[PDB]
**Student:** 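Just dropping this structure here.
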Amino acid sequence: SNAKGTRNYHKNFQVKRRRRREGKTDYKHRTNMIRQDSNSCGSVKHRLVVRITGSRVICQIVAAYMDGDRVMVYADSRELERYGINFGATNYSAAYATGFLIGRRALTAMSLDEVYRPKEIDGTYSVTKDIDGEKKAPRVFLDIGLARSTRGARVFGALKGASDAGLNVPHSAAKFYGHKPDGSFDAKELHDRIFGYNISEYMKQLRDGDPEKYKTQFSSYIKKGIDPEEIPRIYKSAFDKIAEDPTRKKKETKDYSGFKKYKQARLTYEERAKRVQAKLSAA
Amino acid sequence: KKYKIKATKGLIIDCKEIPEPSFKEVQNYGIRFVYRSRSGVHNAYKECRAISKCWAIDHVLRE
Amino acid sequence: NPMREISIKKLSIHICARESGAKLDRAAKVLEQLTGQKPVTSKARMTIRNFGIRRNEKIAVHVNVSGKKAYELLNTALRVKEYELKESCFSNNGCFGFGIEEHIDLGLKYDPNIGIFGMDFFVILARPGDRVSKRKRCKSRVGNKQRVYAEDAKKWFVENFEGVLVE
Amino acid sequence: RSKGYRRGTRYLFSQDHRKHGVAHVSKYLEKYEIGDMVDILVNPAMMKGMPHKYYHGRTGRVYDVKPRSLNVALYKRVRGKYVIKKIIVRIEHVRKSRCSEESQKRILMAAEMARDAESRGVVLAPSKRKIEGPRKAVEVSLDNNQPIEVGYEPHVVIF
RNA sequence: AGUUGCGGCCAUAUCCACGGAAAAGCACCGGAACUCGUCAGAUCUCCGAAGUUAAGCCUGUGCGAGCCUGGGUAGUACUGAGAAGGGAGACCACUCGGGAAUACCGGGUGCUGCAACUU
RNA sequence: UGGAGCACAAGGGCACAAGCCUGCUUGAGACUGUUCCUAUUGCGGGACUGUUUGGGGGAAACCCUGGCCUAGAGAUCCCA
RNA sequence: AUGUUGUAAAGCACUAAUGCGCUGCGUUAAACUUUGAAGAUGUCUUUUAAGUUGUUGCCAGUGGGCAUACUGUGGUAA
């Protein structure tokens with residue numbers, strides 16, 4: 001063996017790919033994901049990339065080329081604030097609404113919104129069919145990256161919202177909230193989680209009994225004026241504005257080129273020669 | 001062998017032949033040279049008498 | 001600079017009831033009653049005759065506890081040693097430990113059906129932000145300005161118990 | 001010396017020093033069509049679909065595309081005549097051939113000015129290449145660039 | 001001008017030491033009624049927004065280790081095509097062609113694509 | 001950075017794996033065609049497609065017709 | 001124009017060897033390779049030079065070789 005600090009350790013090292021050394025890509029998963037037939041020659045696959053950061057939920061539809069992916073549609077959880085929602089992104093009801101807004105926003109670009117109306121919000125497991133006489137609904141596959149696939153995770157809430165919008169994404173009814181181990185499915189427990197029947201129930205519980213805990217757990221909820229009883233109606237009022245105008249508000253501000261003042265410049269070649277020689281002379 | 005210019009990538013610009021003298025007269029000459037042996041390369045000096053520079057080289061080779 | 005406080009990361013306790021069988025479940029009920037959690041058993045990697053162990057059977061039991069539960073368990077065991085530890089028990093990277101000889105000094109009354117067992121305490125300190133090397137996405141390395149060291153861990157010890165550093 | 005399928009391939013089927021690992025993603029995004037030229041080049045980390053060692057380093061022409069595979073046609077010599085062979089190879093042991101880059105950008109510009117010549121009426125097809133000829137002429141000058149005076153230079157030894 | 005999401009080529013990008021950082025982001029960070037998972041809410045899963053730039057990420061520095069590219073080594077070693085050359089042999093020479101490699105010296109230290117956001 | 005393992009000889013290969021632990025399973029299914037070693041040529045051993053009132057694993061993309069790859073192989077006539 | 005290769009030589013980066021000095025100096029490889037020729041070998045273009053074959057019928061002999069220039073293997077050697 002040659003140990004880590006030595007010369008022969010570095011001469012023989014092979015580096016991994018850059019996205020694996022950062023810990024952002026799984027490359028066996030990515031190869032199984034983008035594979036398609038060498039025959040087809042019809043069009044490239046579309047995946048639905050769902051990533052949840054520390055403060056928002058991101059959704060975007062991607063296609064793979066030989067010098068980098070390309071984004072076709074994009075939606076964010078911070079765009080929901082123009083529809084009345086500002087009380088807490090990155091929860092289960094925000095992921096649903098972010099997926100719902102990207103399905104409608106994608107069908108509009110294809111002119112398939114008069115067709116493929118939004119399904120009823122509180123229905124059962126209903127993967128959508130293709131109506132005779134016109135184009136198939138666009139097909140998309142779910143790509144959850146390095147997040148674990150657990151029954152009841154927020155990433156399968158964004159999958160459910162893109163089906164209700166009228167996209168064609170395959171799945172089974174597991175990983176939802178009504179699923180029973182035998183194989184049955186109760187479609188009301190998934191309706192009680194889409195709306196804040198979980199949040200409102202929790203605020204009322206710890207407000208009556210310990211308002212000292214209620215003031216830290218739901219601090220910004222109180223200062224924004226959200227009281228628990230009206231929560232399941234604010235969501236219901238936002239799922240009908242999305243189904244009537246899901247489009248970019250079209251602002252096109254100009255460039256931030258004055259920010260070039262904040263880069264540290266490199267010593268050129270002669271500030272280093274002077275810096276070396278002076279350090280030897282006085283030594 | 002000193003620079004690395006070879007014949008297939010070189011150019012000859014001029015080539016002149018020096019003619020023999022017209023008047024003949026015996027003088028003394030000295031000839032620097034190297035030569036190849038069965039086992040190496042060597043130096044030598046070798047004076048002589050001749051009637052020109054090319055007649056003096058013919059006489060040293062003859063010896 | 002509230003992001004630079006040292007604290008108890010994890011506490012480890014285990015007993016080696018050497019050959020498995022009946023002597024295990026006496027110890028396995030001690031760790032449960034002392035702490036409150038079910039312990040875990042351990043197997044032997046190879047077979048040794050000079051010690052008398054095979055290659056697949058139980059030797060010891062241990063348990064890991066955290067939170068404020070572990071802070072007061074550490075207080076009771078230290079008093080048994082008069083709140084003093086050898087100076088050479090601290091390691092390069094902010095760890096130290098010690099062994100308690102007889103089970104009945106900390107708590108649990110005799111019950112002569114069990115016996116008297118020995119313990120082994122090990123402690124790990126840390127500052128906040130240690131998660132960046134344990135998580136799943138974007139796993140990384142901590143950085144030297146964090147990273148409790150030996151003398152940083154000694155003077156943490158003479159501030160929470162008023163101990164004394166022998167030798 | 002024995003005659004198994006992977007006979008005598010210790011150096012031929014090996015990775016090349018800090019180039020280990022499986023195929024990269026851009027190797028699955030290339031688009032192949034009937035009539036293309038391709039190079040066969042084995043990756044020893046992928047076990048499936050690989051051809052016999054005879055064909056490593058040969059260029060062929062595509063005549064069919066399957067969902068995971070290609071069919072390639074090429075020539076093999078067998079003591080006195082040539083024979084056509086049909087190879088089945090997976091997409092991971094193949095790359096596009098650059099063997100026609102010179103000939104295509106030359107035939108492109110030819111038809112380019114042909115259209116730009118019929119626009120003006122004056123056209124002409126013959127544009128053959130020519131080999132490099134004897135030598136043109138030179139006008140060497142010595143106003144600068146003085147000669148250097150070289151010669152035979154006696155022989156020296158150091159030990 | 002940059003950062004973030006998803007990438008292509010996969011060290012000029014890695015490793016070790018010190019430092020910097022406006023706005024956003026990315027984080028670290030406060031918890032356990034519900035979902036999910038443990039000896040352990042450390043990791044994983046759900047709900048949050050009091051605090052902090054200390055770390056991670058990004059940027060500078062170093063006659064830094066490695067890596068990349070040049071010079072020297074050198075028309076040297078080896079070698080394709082020839083001829084009734086020398087030598088007891090081992091092998092050496094000549095004519096027309098092609099041509100390397102450590103030790104040593106110099107200079108460099110990621111380049112790019114689609115999208116969103118920041119005075 | 002693999003300096004270990006991966007039934008057996010040796011070589012090649014491999015790190016969020018082909019190694020270790022763990023869950024469920026019987027693709028070690030029924031048929032059908034093109035091609036390589038490989039030729040003037042049989043047997044054999046591999047690779048790749050199609051058709052199914054067909055399976056298994058997985059949320060899904062996707063993979064699976066024995067063993068990580070190169071060895072483990074038997075005509076005419078007769079019988080079951 | 002654009003691909004393939006791991007020998008000679010050289011070298012110590014891996015496997016296996018080899019003397020000293022207490023960082024350097026010294027010696028190795030058919031079943032070692034960080035490097036790496038001369039030479040070979042694929043494809044495109046006569047829209048490059050120079051030159052000027054396709055399909056099939058009926059049939060014989062032969063299946064002990066030897067020498068040499070350069071180049072290997074076994075053998076003290078022939």
Side-chain angles (χ1 to χ4, degrees), chain A residues 1 7-8 10-15 17-19 26 32-33 35 49 51 53-54 58 60 62 66-71 74 76 88 91 141-142 148-153 156 170-172 174-175 177 198 202 205-206 216-220 256-260 262-264 266 276 280, chain B residues 1 4 38, chain C residues 1-4 9-10 37-40 63-66 128-129 131-132 134-136 140 142-143 145-146, chain D residues 4-6 9-11 13-14 17 26 37 39 44-45 47 49 51-52 56-59 66 69 78 86-88 97-103 106-107 110 127-129 131:
Chain A
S1 304
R7 189 200 298 103
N8 287 344
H10 291 295
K11 285 175 67 67
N12 292 329
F13 209 76
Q14 181 180 162
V15 293
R17 285 180 265 180
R18 175 163 63 70
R19 290 283 285 186
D26 189 301
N32 286 149
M33 186 92 225
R35 187 171 328 208
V49 169
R51 290 294 83 224
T53 75
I58 301 179
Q60 49 184 348
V62 187
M66 257 199 273
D67 47 319
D69 294 318
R70 288 177 203 167
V71 190
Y74 177 78
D76 196 30
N91 78 321
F141 310 99
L142 190 79
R148 212 172 289 183
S149 67
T150 291
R151 177 165 75 247
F156 303 113
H171 56 112
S172 84
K175 314 278 162 175
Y177 271 99
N198 185 15
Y202 184 48
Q205 160 181 356
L206 86 169
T216 75
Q217 169 74 241
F218 287 103
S219 158
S220 178
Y256 302 71
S257 294
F259 286 165
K260 196 176 171 52
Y262 301 98
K263 319 183 72 195
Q264 304 87 324
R266 301 191 177 176
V276 174
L280 288 165
Chain B
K1 294 202 164 192
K4 303 209 175 198
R38 275 174 170 154
Chain C
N1 65 344
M3 316 295 314
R4 301 200 92 258
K9 171 67 170 203
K10 170 209 295 196
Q37 318 170 0
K38 40 186 179 303
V40 178
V63 74
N64 295 283
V65 307
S66 298
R131 162 168 214 270
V132 309
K134 303 303 178 312
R135 63 186 178 195
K136 182 46 160 39
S140 295
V142 162
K145 264 154 97 172
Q146 306 275 97
Chain D
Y5 202 81
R6 190 259 176 196
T9 43
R10 158 166 194 184
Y11 296 94
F13 285 179
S14 292
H17 184 68
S26 87
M37 298 319 269
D39 308 324
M47 296 305 112
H52 192 264
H56 173 82
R58 309 274 75 72
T59 298
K66 299 296 164 68
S69 197
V78 59
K86 294 158 208 180
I87 303 298
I88 302 175
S97 185
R98 284 180 59 198
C99 69
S100 297
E101 267 183 349
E102 195 272 332
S103 178
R106 176 169 47 76
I107 291 177
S127 63
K128 280 193 211 231
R129 294 175 284 175
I131 314 287

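Proteins come first, then strands; the chains are lettered A, B, ... in the order of their sequence lines, and each starts at number 1.
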**Student:** Can you tell me how far P in F:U70 sits from the matching atom in F:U38, rounded to whole Å?
**Tutor:**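 So the two P atoms sit 16 Å from each other.
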**Student:** Is it the case that G:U43 (base atoms only) and D:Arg58 (side chain only) share a donor and an acceptor within less than 3.5 Å, ignoring hydrogens and angles?
**Tutor:**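 Answer is no: no donor-acceptor pair is held.
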**Student:** Give the rounded distance in Å between these two atoms: CG of D:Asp39 and P of G:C44.
**Tutor:** 12 Å
**Student:** Verify the contact: side-chain N or O of A:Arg19 to OP1 or OP2 of E:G7, cut-off strictly under 4.0 Å; return yes or no.
**Tutor:** yes
**Student:** Can you check whether D:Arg10 has a side-chain N or O nearer than 4.0 Å to OP1 or OP2 of G:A31?
**Tutor:**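 Result: no.
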**Student:** So, is A:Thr216 near the phosphate of E:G30, with a side-chain N or O under 4.0 Å from OP1 or OP2?
**Tutor:** no
**Student:** Check every atom of F:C48, F:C36, E:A40 against the side chain of D:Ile88 and return the nucleotide holding the closest atom.
**Tutor:**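 The answer is F:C48.
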**Student:** Could a donor-acceptor pair under 3.5 angstrom be found where the side chain of A:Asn91 meets the base of E:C47?
**Tutor:** no
**Student:** From the list E:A40, E:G66, E:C47, which nucleotide is the closest neighbour of the side chain of A:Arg7?
**Tutor:** E:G66
**Student:** Looking only at side-chain N and O atoms, does C:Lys145 come under 4.0 Å of OP1 or OP2 in E:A55?
**Tutor:** yes
**Student:** Who does F:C78 pair with, Watson-Crick or G-U, both distances under 3.5 Å?
**Tutor:** none
**Student:** Does A:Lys263 make a side-chain N or O approach to OP1 or OP2 of E:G2 shorter than 4.0 Å?
**Tutor:** yes
**Student:** Go through E:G31, F:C37, E:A40 for me and flag the one nearest to the A:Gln217 side chain.
**Tutor:**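 For A:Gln217, the side-chain atoms sit closest to E:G31.
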**Student:** So what's E:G20 paired with, Watson-Crick or G-U wobble, going by both distances under 3.5 Å?
**Tutor:** E:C58
**Student:** Using heavy-atom distances to pick each residue's nearest nucleotide on RNA chain F, tell me which of D:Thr9 and D:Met47 is more 5'.
**Tutor:**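 Upstream on the strand: D:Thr9.
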**Student:** Counting distance alone, no hydrogens or angles: does the base of E:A40 have a donor or acceptor under 3.5 Å from a partner atom on the side chain of C:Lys10?
**Tutor:** no
**Student:** Expressed in whole Å, how much space separates the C1' atoms belonging to F:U41 and F:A71?
**Tutor:** 24 Å
**Student:** Counting only Watson-Crick and G-U wobble pairs whose two distances fall below 3.5 Å, is F:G5 partnered with F:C14?
**Tutor:** yes
**Student:** If you compare every side-chain N and O of A:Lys260 against the phosphate oxygens of E:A1 (OP1, OP2), does one of them come in below 4.0 Å?
**Tutor:**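 The answer is yes; a side-chain N or O of A:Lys260 sits under 4.0 Å from OP1 or OP2.
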**Student:** Checking contacts here: which listed nucleotide (G:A49, E:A40, E:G56) is nearest the side-chain heavy atoms of C:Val132?
**Tutor:**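 Between G:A49, E:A40, E:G56, the one nearest the side chain of C:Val132 would be E:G56.
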**Student:** Taking F:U1 as the reference, what is the distance to F:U34 when you measure between their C1' atoms (whole Å, please)?
**Tutor:** 44 Å
**Student:** Hey, which of these two, D:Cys99 or D:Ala110, hits RNA chain G nearer its 5' end, going by closest nucleotide?
**Tutor:** D:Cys99
**Student:** Inspect the six-membered rings of E:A81 and E:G82 and say whether their centres lie under 5.5 Å apart and their planes under 30° apart.
**Tutor:** yes
**Student:** Could you please name the partner base of E:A1, counting Watson-Crick and G-U wobble pairs only when both distances are under 3.5 Å?
**Tutor:**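 Base partner found: E:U118.
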**Student:** Go nucleotide by nucleotide along RNA chain F from the 5' end; which of A:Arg35 and A:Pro170 gets its closest nucleotide reached first?
**Tutor:** A:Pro170
**Student:** Taking only side-chain N and O atoms of D:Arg6, does any of them lie within less than 4.0 angstrom of OP1 or OP2 on F:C37?
**Tutor:** no
**Student:** Do the six-membered rings of G:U23 and G:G24 lie with centres under 5.5 Å apart and planes under 30° from parallel?
**Tutor:**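 Ring centres or planes out of range, so no.
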**Student:** Which nucleotide wins on minimum distance to the side chain of D:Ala45, given the candidates F:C14, E:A27, F:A59?
**Tutor:** F:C14
**Student:** For E:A40, does either OP1 or OP2 sit under 4.0 Å from a side-chain N or O belonging to C:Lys38?
**Tutor:** yes
**Student:** E:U43 phosphate, OP1 or OP2: any side-chain N/O from C:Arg131 under 4.0 angstrom?
**Tutor:**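 The answer is yes; a side-chain N or O of C:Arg131 sits under 4.0 Å from OP1 or OP2.
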**Student:** Show me the dot-bracket string of RNA chain G, counting Watson-Crick or G-U pairs under 3.5 Å, with | for pairs to another strand and [ ] for crossing ones.
**Tutor:** ((((....(((...(...((...))...)..)).)....))))...................................
**Student:** Counting primed atoms plus P, OP1 and OP2 as sugar-phosphate and everything else as base, spell out the protein contacts along nucleotides 111-119 of chain E at 4.0 Å heavy-atom distance: B, S or - for each nucleotide, 5' to 3'.
**Tutor:** B-BBSSSBB
**Student:** Checking A:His10 now: which residues fulfil ring-ring contact (aromatic ring centres under 6.0 Å, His included) with it, not counting sequence neighbours?
**Tutor:**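 In terms of ring-ring contact (aromatic ring centres under 6.0 Å, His included), with neighbours along the sequence ignored, A:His10 is linked to no residue.
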**Student:** Between F:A71, E:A50, E:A54, which nucleotide has the shortest distance from any of its atoms to the side chain of D:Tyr5?
**Tutor:**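 In terms of side-chain proximity for D:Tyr5, the closest of F:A71, E:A50, E:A54 is F:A71.
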**Student:** Where do N or O atoms of nucleotides 15-18 of chain E meet protein N or O atoms at under 3.5 Å, pair by pair?
**Tutor:**
from: E:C16; atom 1: OP1; to: A:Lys4; atom 2: NZ; distance (Å): 3.1

**Student:** Compare side-chain N and O positions of D:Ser26 against OP1 and OP2 of E:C9 and report whether any pair is under 4.0 Å apart.
**Tutor:** yes
**Student:** At less than 4.0 Å, is any side-chain N or O atom of C:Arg135 found next to OP1 or OP2 of E:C28? Yes or no.
**Tutor:** yes
**Student:** Give every pair of a protein N or O atom and an N or O atom of nucleotides 6-16 of chain G that lie under 3.5 Å apart, one pair per line with the distance.
**Tutor:**
from: G:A13; atom 1: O2'; to: A:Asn12; atom 2: OD1; distance (Å): 3.2

**Student:** G:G3 phosphate, OP1 or OP2: any side-chain N/O from D:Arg98 under 4.0 angstrom?
**Tutor:**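 For G:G3, OP1/OP2 do have a side-chain N/O of D:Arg98 under 4.0 Å.
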**Student:** Determine the Euclidean distance between corresponding P atoms of E:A54 and E:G2; express it in Å to zero decimal places.
**Tutor:** 24 Å
**Student:** Which atom pairs link the protein and nucleotides 85-87 of chain E when you take only N or O atoms and keep those under 3.5 Å?
**Tutor:**
from: E:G86; atom 1: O2'; to: B:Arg38; atom 2: NE; distance (Å): 3.4

**Student:** Please tell me if A:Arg266 has a side-chain N or O lying less than 4.0 Å from either OP1 or OP2 of E:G60.
**Tutor:** yes
